[PDB]
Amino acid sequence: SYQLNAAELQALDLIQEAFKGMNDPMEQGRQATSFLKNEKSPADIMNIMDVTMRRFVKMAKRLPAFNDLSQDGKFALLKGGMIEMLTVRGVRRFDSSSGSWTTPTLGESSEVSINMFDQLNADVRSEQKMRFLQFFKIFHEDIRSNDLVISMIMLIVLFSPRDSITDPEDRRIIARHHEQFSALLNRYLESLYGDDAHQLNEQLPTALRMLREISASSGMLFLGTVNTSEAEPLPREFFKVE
């Protein structure tokens, strides 16, 4: 009844396959050095975000649903959804007790403090710090730590309609997958928790609207805080520094 069928189990396996690489170790370099640095600057935070952003691009290209889109459609989705996806990764990797984010391949010793916010754009940093903690707090402990749930939330975020997308076929594909991954997440949660999953399903829209709010208010967070020669270019396409 609530147990997953073969088609649902297959959909989940495909998702897990696409995300292979997300939790891999970092090669020696600028980004890894920034993550291991005890005293991190805003540029170091940008260097760290670069790793996750690149990995999101790689994941998306491994998903058959994504490759049904035109190249412009793909671009529009990644551009529109990246900050929300990063925020969801943030929820997966955050610890309220230590007040910090960690990465799966490295001990909990290496981390990024929630207080990194305090070095960013003074006009908006305190509000963004509050928004992230507020968003984190809505999640049940065992839901935020579930890689499949997090992966599905990321995919629902990615496959969200954008007014930037005009192509009729792309728009159809995006809407279809938004509903597909939403339905799959609900079925997955029902398979684990039965009727208790109904309450979690009802919270999905709350999560999505809060994510959108975070994305819509984060764009100037790094303004005036970074020397471009010290920060990876990819995150600077999403967060204006000058």
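In case it trips you up, residue 1 is the first one in the sequence shown, and so on.
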query: Of 21-29 and 215-223, the stretch whose C-alpha atoms average the higher B-factor in the entry; finding: 21-29
query: Comparing 130-138 with 95-103, the one whose average Cα B-factor in the PDB entry is higher; finding: 95-103
query: Out of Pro161, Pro168, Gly80, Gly90, highest CA B-factor residue; finding: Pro168
query: Residue selected from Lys37, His178, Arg55, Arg187 by maximal Cα B factor; finding: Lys37
query: Relative C-alpha B-factor of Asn201, binned into the chain's lowest, middle or highest third; finding: highest
query: Entry-reported Cα temperature factor of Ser109, expressed as the chain third it lands in; finding: highest
query: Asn67 - which third its CA temperature factor falls in, relative to the rest of the chain; finding: highest
query: Modelled-residue ranking by C-alpha temperature factor, third containing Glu84; finding: lowest
